[PDB]
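Single-structure report; data block below.
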Protein chains: 2
Amino acid sequence: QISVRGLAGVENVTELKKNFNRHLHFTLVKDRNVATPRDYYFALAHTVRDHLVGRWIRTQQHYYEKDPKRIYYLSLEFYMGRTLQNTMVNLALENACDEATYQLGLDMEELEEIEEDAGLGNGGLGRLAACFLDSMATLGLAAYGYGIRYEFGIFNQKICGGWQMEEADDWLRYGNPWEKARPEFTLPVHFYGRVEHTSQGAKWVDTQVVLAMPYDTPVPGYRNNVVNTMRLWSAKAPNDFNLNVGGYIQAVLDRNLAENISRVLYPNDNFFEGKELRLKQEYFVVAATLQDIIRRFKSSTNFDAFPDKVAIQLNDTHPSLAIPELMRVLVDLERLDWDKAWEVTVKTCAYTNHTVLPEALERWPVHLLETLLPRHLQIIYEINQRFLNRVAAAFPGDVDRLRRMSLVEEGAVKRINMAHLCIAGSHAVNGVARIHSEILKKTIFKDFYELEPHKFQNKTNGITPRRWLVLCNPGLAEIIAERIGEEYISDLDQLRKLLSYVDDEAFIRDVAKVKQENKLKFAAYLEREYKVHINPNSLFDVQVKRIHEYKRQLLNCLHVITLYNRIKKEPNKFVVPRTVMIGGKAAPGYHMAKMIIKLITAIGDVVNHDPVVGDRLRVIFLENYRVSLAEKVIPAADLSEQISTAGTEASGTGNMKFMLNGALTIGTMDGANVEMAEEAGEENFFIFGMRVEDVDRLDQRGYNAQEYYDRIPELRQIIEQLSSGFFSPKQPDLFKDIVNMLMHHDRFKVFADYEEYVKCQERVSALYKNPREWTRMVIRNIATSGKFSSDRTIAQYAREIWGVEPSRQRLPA
Amino acid sequence: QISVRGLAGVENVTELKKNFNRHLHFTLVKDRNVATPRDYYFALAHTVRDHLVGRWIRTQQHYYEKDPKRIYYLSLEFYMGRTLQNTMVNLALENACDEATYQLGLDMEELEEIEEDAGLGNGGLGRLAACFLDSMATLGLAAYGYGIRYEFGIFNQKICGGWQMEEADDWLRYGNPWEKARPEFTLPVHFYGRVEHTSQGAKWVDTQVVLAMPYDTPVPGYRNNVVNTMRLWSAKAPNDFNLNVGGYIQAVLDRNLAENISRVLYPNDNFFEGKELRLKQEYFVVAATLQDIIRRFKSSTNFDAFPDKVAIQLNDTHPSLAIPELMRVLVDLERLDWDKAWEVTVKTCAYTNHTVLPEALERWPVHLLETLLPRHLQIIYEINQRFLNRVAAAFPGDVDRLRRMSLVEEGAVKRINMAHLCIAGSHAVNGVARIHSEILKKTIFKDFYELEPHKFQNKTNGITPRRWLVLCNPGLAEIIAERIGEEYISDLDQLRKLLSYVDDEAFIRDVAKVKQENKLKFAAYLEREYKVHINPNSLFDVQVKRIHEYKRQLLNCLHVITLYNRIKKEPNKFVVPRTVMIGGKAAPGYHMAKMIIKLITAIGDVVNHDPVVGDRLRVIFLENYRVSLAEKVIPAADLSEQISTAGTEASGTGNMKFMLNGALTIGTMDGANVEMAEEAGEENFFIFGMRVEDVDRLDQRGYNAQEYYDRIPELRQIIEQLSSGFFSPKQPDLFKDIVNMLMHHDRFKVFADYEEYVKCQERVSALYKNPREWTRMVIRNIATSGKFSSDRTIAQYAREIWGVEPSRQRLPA
Ligand SMILES: OC[C@H]1O[C@@H](c2cc(O)c(Cl)cc2O)[C@H](O)[C@@H](O)[C@@H]1O
Ligand SMILES: OC[C@H]1O[C@@H](c2cc(O)c(Cl)cc2O)[C@H](O)[C@@H](O)[C@@H]1O
Ligand SMILES: OC[C@H]1O[C@@H](c2cc(O)cc(Cl)c2O)[C@H](O)[C@@H](O)[C@@H]1O
Ligand SMILES: OC[C@H]1O[C@@H](c2cc(O)cc(Cl)c2O)[C@H](O)[C@@H](O)[C@@H]1O
């Protein structure tokens with residue numbers, strides 16, 4: 001049907017059809033009379049997978065023969081989403097499979113909706129890892145993603161009575177056709193025990209053993225025939241584990257204890273929970289990965305060349321134990337001296353920071369590490385002593401600097417600062433957006449920047465234009481390719497050529513048409529799957545992301561209520577119609593976030609059923625926000641809400657997704673928003689609110705929310721409505737905690753940005769009244785979004801951190 | 001190479017080779033440079049499996065269209081062993097795959113040794129179910145095996161310092177290519193809760209739900225293109241199971257609790273352990289199976305025809321809850337009246353008893369059933385009341401009969417006698433050998449036989465000649481086929497034609513040659529895999545079976561010691577050389593059985609290292625006895641030890657395996673031994689010891705072991721050796737418990753059969769001195785083993801219990 005989706009050749013379609021029928025018969029053991037739609041999905045999945053294997057084998061054979069420097073990307077999260085459509089896109093199979101299935105009497109889109117998301121991440125950090133894997137394969141890098149194969153990913157969110165309910169994401173229930181178990185590469189991981197010192201150094205003994213079994217998933221590059229590997233570890237008990245009948249039966253049942261390590265993803269985003277099971281997960285991934293790395297390195301004695309052949313990227317502090325584990329292996333097992341081992345470690349490891357929020361920083365209690373990883377604690381202490389000796393020599397007499405920079409934090413409970421460990425043991429440390437990286441050098445890591453300025457870098461985040469344009473928005477990808485060709489898909493900077501079409505009436509009409517089509521289709525989805533009615537002609541105002549106080553869904557709520565109150569005051573006055581969509585998951589233990597979800601639904605209940613409002617304002621909570629839902633709602637959006645308090649969102653990536661898909665942005669100068677506005681031009685962005693400097697000034701003075709309440713009558717009305725029980729008539733005091741936090745304990749200064757936000761929102765509504773100029777501004781956004789391709793980000797990591805040159809050259813098919 | 005293994009056609013071998021390479025590439029994602037021998041096994045397994053699927057689909061399509069009466073065989077155990085070779089045998093693919101793999105540079109036998117046993121059973125009862133499935137498919141019966149998919153089967157046995165150590169049988173580690181998960185047929189199973197009474201009968205409410213997910217395994221018939229299904233249930237938690245972060249994480253981890261139901265096989269053979277987890281397993285299999293049965297029946301309202309379309313066979317009392325569960329479904333859910341429901345239940349269900357040992361009888365505490373299955377207890381009480389009302393009318397005034405026949409046993413703890421339940425609710429009750437079935441009518445079920453004589457039947461056990469001749473002993477199958485053709489494989493009675501070859505010198509030589517080849521190969525195995533040296537010219541004296549006091553491995557031990565003592569007394573006297581092999585697993589909590597294993601190894605330690613003995617006597621404990629080991633050792637045996645105390649081994653099946661494979665039998669007149677001796681003629685069997693009547697006479701008098709000790713000097717010497725520490729010099733009192741049990745607490749009268757046993761063993765050694773007459777007696781055994789084919793057994797069940805006619809006709813290929 002459409003050009004960018006590849007060729008549907010006669011020979012190809014015929015071959016796909018016969019292989020589909022083969023899998024249905026031999027693989028699924030069904031025929032067309034008994035087959036369920038899920039059987040049809042699996043038949044297709046297996047058919048597409050067959051096209052990967054040849055390329056997968058020859059890519060790994062290529063790396064063995066050429067022996068390039070290998071990149072190891074260590075992460076506790078890979079938010080992959082669905083794999084079927086992505087694989088077709090990267091292999092140029094989409095139109096062929098579409099034709100083949102059509103001739104078989106099947107609708108491919110319907111089959112695509114059957115695949116479960118691989119939800120092995122919480123949000124931004126997990127999705128970044130997924131985008132990065134795609135870009136690394138597209139840029140021909142010898143890269144491996146290493147993580148944990150969680151049996152249960154991020155929970156499925158159900159809304160009951162306006163409240164979030166969690167249910168287990170049993171994503172492996174029906175099987176996963178994409179993974180390949182590799183039990184032959186099973187490795188032992190050690191826990192607990194004690195340290196013995198001998199003539200030949202230290203020994204870690206009396207340990208409990210857990211097995212790490214790898215599962216490999218192919219990562220295809222974009223039409224370059226490269227297929228890289230994501231290797232995820234699963235926890236397995238050894239067969240003599242804990243080994244009377246009561247005794248025997250119980251010993252077998254106790255195997256669950258060891259295997260619980262890979263059972264479940266911790267569902268916290270941007271929040272540190274110091275639980276032992278989480279620490280076990282962090283060591284488990286690190287210990288198994290490093291053994292696998294060293295094994296592969298030896299199968300090429302001399303560890304001097306290790307940093308020339310290995311790069312390890314630490315995704316946040318979660319895999320920080322890689323540093324003392326590499327030291328442990330090199331010193332204790334390989335018998336290298338400390339200084340040489342440390343040189344290798346530093347040159348091998350690099351660290352990416354993703355946050356400045358104090359509650360998100362990993363600080364593990366010494367007593368935990370003492371019991372679980374006694375040898376690693378000893379290595380950490382020795383690392384600390386030697387590091388502080390350097391600090392003392394560089395800044396003699398500065399005793400407070402020593403205490404500030406220490407990896408060991410003193411107090412009620414002694415803790416290890418994992419961020420401090422990562423800086424000490426890495427040759428590079430980067431933030432994820434220009435303003436974020438500057439904040440790191442100016443504030444939390446200032447002392448470290450003063451000691452080693454060369455170590456500190458910026459790598460602004462990006463998103464993959466394959467999943468986040470071609471896959472989710474084919475209609476937009478097509479109208480673009482009609483004008484400038486297909487080359488932009490792997491060179492997103494080419495979108496700048498679209499600036500010469502900003503006055504082209506044909507193109508303006510096509511951009512607006514594609515958006516309208518996306519909006520209509522998404523409006524149908526909401527009726528079909530959630531029985532909700534929306535006006536497709538209204539402005540689609542959307543904030544989708546995890547529920548957090550810093551992301552200020554509450555500020556959005558205040559604006560929504562303002563619009564409702566202004567309508568009730570002057571009902572017969574014209575307003576630009578809006579559909580306000582807010583979606584996202586709250587961490588199960590985050591009470592305030594759960595209260596915010598309830599508030600949103602409570603507002604919808606009042607607003608959506610007021611006859612006076614009509615279809616001029618609708619408030620909808622998007623249930624179970626996840627990658628597959630993002631792929632639907634993002635192409636349908638007109639307005640992207642990126643309204644975190646300045647200095648709190650390290651980068652954001654959802655912002656970049658909306659920009660690429662034809663939405664305009666209302667946002668603070670926070671994270672990547674600053675660079676987005678710089679690229680598009682500030683006149684083509686709806687910027688409002690305090691800058692980081694203004695937040696700082698307010699904190700020095702003291703933030704007093706009452707001041708805003710006293711001086712803004714519209715704001716006072718909202719607070720009085722919330723307090724009195726307007727949005728909860730049966731439970732008048734339901735929202736007392738929210739009002740209290742806003743009035744007395746608001747770390748994120750919601751009131752302080754309220755006035756500017758509302759006024760900026762008025763400017764949005766005014767522009768939307770003029771479809772032609774709205775669309776022209778949209779075109780200027782899409783055209784300047786090229787910087788935010790993860791291909792650019794990864795090319796920067798490759799050249800400036802890993803010391804490898806990306807390649808766009810095809811491998812033979 | 002050999003005829004019975006089928007044709008190796010040019011077109012077939014070429015097709016097998018290309019499909020092998022396809023699977024290696026597309027399925028295993030390997031090439032010939034990286035492939036492990038395990039990859040080669042899996043490539044072959046997948047290749048052979050492909051040939052099953054067409055037949056599997058058309059068999060189940062056939063049953064849908066023809067709608068025959070369906071046989072449901074309910075068992076907690078299916079001891080399947082390996083599947084690859086069995087599948088090749090039944091499909092006539094063995095020579096073709098042998099040729100195909102040879103041309104690929106691979107040894108097929110080596111690949112076959114890589115497959116794990118499916119060890120989902122303990123011994124005789126589990127293996128019987130497996131043999132039965134094979135025969136039901138070979139006889140074209142619409143039959144389904146229903147059980148539990150245990151994650152861990154029977155433990156692997158390791159011998160350390162002469163002691164049994166258990167380790168988890170992680171048989172699914174590498175995956176199981178034979179099974180097909182069917183999550184679409186997932187069914188809910190209820191536990192706990194309470195009973196509410198309404199206007200419309202009783203309701204079972206507030207229950208905990210566990211999901212039952214089926215996995216289907218194909219069961220091929222012998223060259224008839226029939227492929228039946230074994231459906232095994234796996235336990236799964238619902239997604240809202242148990243559904244704060246501590247709270248959230250723990251709730252997910254607690255899913256293990258529900259899923260523990262299918263985790264592990266209880267490793268007791270012939271022994272009742274009244275544990276709650278076992279009760280849950282029994283209900284789980286019953287509840288899911290019955291829903292599946294009724295679903296299939298409705299997909300053909302009127303339950304009058306239910307018994308015409310459904311037969312349920314209960315394998316021992318383990319699935320006895322099928323009776324009250326069928327009543328529950330019919331009465332509570334389908335709203336049938338009690339009397340009509342009961343009529344249907346009785347006509348549907350039949351019960352097979354496998355034991356008379358009191359410790360093996362299932363008697364569940366009322367308090368357990370009250371908490372776990374409150375509605376079923378109510379139904380059981382009502383069944384009991386109505387049954388006892390019939391007893392009271394038939395035998396008026398006989399109050400003690402009422403108490404004896406009651407399903408409810410009074411005492412310290414009230415219990416439900418599950419055997420009594422099964423008789424009441426079944427239209428047929430059978431024992432597993434003629435003497436066993438007579439013992440049932442004369443002793444434990446005498447009252448029930450008096451009430452309903454028509455209900456009681458015999459069905460003598462059998463074994464499948466496919467696995468237990470063609471598969472494990474191709475050389476013997478071939479020399480037989482050369483003389484009488486191939487028809488005997490599915491009509492074992494034809495072996496009688498071999499009686500006309502008992503004086504044929506060519507055949508005599510061939511039978512002896514095949515045995516010698518088997519012995520040599522097995523002697524090599526022991527060196528290669530266990531570093532033990534044996535004389536292949538010695539008599540192979542073997543007792544393989546579970547370790548139990550009733551099976552009297554101890555009596556064997558006494559004979560072994562007697563031979564050793566007689567050699568030490570007259571060293572320069574000639575004796576027929578023997579290799580005594582004893583193997584089998586002990587239940588983990590069975591202390592005495594574990595002591596017997598230690599005794600056997602202790603005897604070996606002394607005997608095997610005495611220079612005076614030389615290679616005239618060797619004692620070897622066969623580690624980890626299981627189906628795959630049985631297939632090796634049984635064809636290599638000369639003498640089969642079947643020496644249980646008369647009246648204790650219900651049938652035995654190992655006995656039949658040895659008879660078919662050219663070993664002579666030394667045995668008591670117990671279980672099937674009686675019928676074996678009757679078939680072959682008593683002169684061709686080495687019978688010794690007390691008959692059942694003699695045991696009874698001894699019990700009436702009082703068994704006094706001291707009498708035998710006082711009157712038999714050879715026996716006295718052995719006991720004094722055991723007591724003084726001759727077989728345990730470092731631990732003189734190690735075997736004190738064994739001596740004590742033998743002297744004071746021997747339920748199985750070991751001493752009473754000692755004299756006759758030793759004298760009978762002398763007659764064996766004498767015959768072995770004359771190879772020609774030994775072999776002629778062997779031929780007379782093999783020739784009369786036809787009765788003990790499970791094809792005969794199943795044909796009898798079909799005609800006399802299930803009311804269906806077996807068929808030998810091919811389905812179209
Ligand atoms: O984003 C994944 C897919 O979503 C599809 C898609 C988008 C929607 O807005 C709705 Cl409501 C349903 C749907 O299947 C798109 O049609 C398809 O082009 C895209 O590839
Ligand atoms: O019983 C299974 C298989 O056992 C094989 C077999 C028998 C043995 O005694 C030993 Cl030691 C090893 C072995 O692989 C037989 O050669 C083969 O004919 C048979 O099919
Ligand atoms: O770098 C990817 C994203 O990581 C986010 C992020 C930071 C963090 O410490 C933990 C998690 Cl789970 C996470 O998603 C940042 O908040 C966001 O600014 C950034 O865009
Ligand atoms: O019927 C098969 C076999 O079942 C055996 C048997 C009986 C029983 O109650 C429980 C188990 Cl696990 C078992 O294997 C009998 O002991 C044996 O005589 C018989 O040959």
Side-chain angles (χ1 to χ4, degrees), chain A residues 76-77 79 82 85 89 94 109-110 112-113 121-129 268-272 315-318 352-357 360-362 431-433 436 461 467 470-475 517-526 528-529 546 548 550-551 628-636 644 648-656 670-672, chain B residues 76-77 79 121-129 268-272 315-318 352-357 360-362 431-433 436 461 546 548 550-551 644 648-656 670-672:
Chain A
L76 273 282
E77 298 188 18
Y79 206 163
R82 296 165 176 167
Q85 193 175 3
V89 169
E94 204 165 11
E109 281 202 11
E110 193 192 296
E112 282 165 349
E113 292 299 321
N122 277 288
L125 173 153
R127 183 56 231 179
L128 189 77
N268 312 307
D269 193 64
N270 259 266
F271 183 83
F272 173 60
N315 199 24
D316 205 310
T317 57
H318 315 150
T352 304
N353 172 276
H354 298 261
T355 189
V356 299
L357 297 176
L361 300 191
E362 289 197 297
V432 289
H436 169 59
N461 281 169
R467 186 172 296 266
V470 180
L471 187 154
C472 66
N473 205 350
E517 284 180 359
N518 291 341
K519 288 174 67 174
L520 278 164
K521 201 194 181 170
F522 189 72
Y525 177 84
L526 292 177
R528 280 172 67 256
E529 254 75 8
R546 287 293 295 258
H548 203 297
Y550 89 83
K551 298 174 181 284
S628 76
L629 188 57
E631 292 166 355
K632 295 179 178 60
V633 65
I634 292 174
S644 58
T648 62
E649 193 75 82
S651 167
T653 51
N655 53 182
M656 305 165 187
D670 198 16
Chain B
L76 273 282
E77 298 188 18
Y79 206 163
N122 277 288
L125 173 153
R127 183 56 231 179
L128 189 77
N268 312 307
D269 193 64
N270 259 266
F271 183 83
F272 173 60
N315 199 24
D316 205 310
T317 57
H318 315 150
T352 304
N353 172 276
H354 298 261
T355 189
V356 299
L357 297 176
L361 300 191
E362 289 197 297
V432 289
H436 169 59
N461 281 169
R546 287 293 295 258
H548 203 297
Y550 89 83
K551 298 174 181 284
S644 58
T648 62
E649 193 75 82
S651 167
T653 51
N655 53 182
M656 305 165 187
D670 198 16

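Residue numbers start from 1 in every chain, and the chains themselves are labelled A, B, ... in the order their sequence lines are given, proteins ahead of strands. Numbering of ligands and ligand atoms starts at 1, following listing order.
Contact annotation for A:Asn473 and ligand 1: no heavy atom of the residue comes within less than 4.0 Å of the ligand. Residue contacts with ligand 1, taken as heavy atom pairs separated by less than 4.0 Å, involve A:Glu109 solely via side-chain atoms from C-beta onward. Counting heavy atoms closer than 4.0 Å to ligand 1, residue A:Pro474 contributes side-chain atoms (C-beta onward) but none from N, CA, C or O.
The protein heavy atom nearest to atom 11 (C) of ligand 4 is B:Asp269 OD1, 3.5 Å. The closest protein non-hydrogen atom to atom 14 (O) of ligand 1 is A:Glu113 OE2, 3.3 Å.
Short contacts between ligand 3 and A:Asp316, defined as distances under 4.0 Å to a heavy atom of the residue, involve ligand atoms 8 (C), 9 (O). With ligand atoms numbered from 1 in the order given, ligand 4 contributes 9 (O) to contacts under 4.0 Å with heavy atoms of B:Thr355.
Comparing B:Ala360, B:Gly654, B:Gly124 against atom 3 (C) of ligand 4, the shortest heavy-atom distance belongs to B:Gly124. The residue from A:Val432, A:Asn461, A:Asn270 that puts a heavy atom closest to atom 2 (C) of ligand 3 is A:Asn461. Of the candidates B:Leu125, B:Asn353, B:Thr352, it is B:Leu125 that places a heavy atom closest to atom 13 (C) of ligand 4.
Any N or O atom pair closer than 3.5 Å counts here, and A:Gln85 shares at least one such pair with ligand 1. Considering backbone and side-chain atoms alike, B:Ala650 places an N or O below 3.5 Å from some N or O of ligand 4. Looking at B:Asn268 next to ligand 4, no N or O pair under 3.5 Å apart turns up. For ligand 4, the polar-atom distance check against B:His354 finds a nitrogen or oxygen pair separated by under 3.5 Å. Checked by distance only, ligand 1 and A:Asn518 stay at 3.5 Å or farther apart across all their nitrogen or oxygen atoms. At under 3.5 Å, a nitrogen or oxygen of B:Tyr550, whether backbone or side chain, sits near a nitrogen or oxygen of ligand 4.
Heavy atoms of B:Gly652 approach ligand 4 to within less than 4.0 angstrom.
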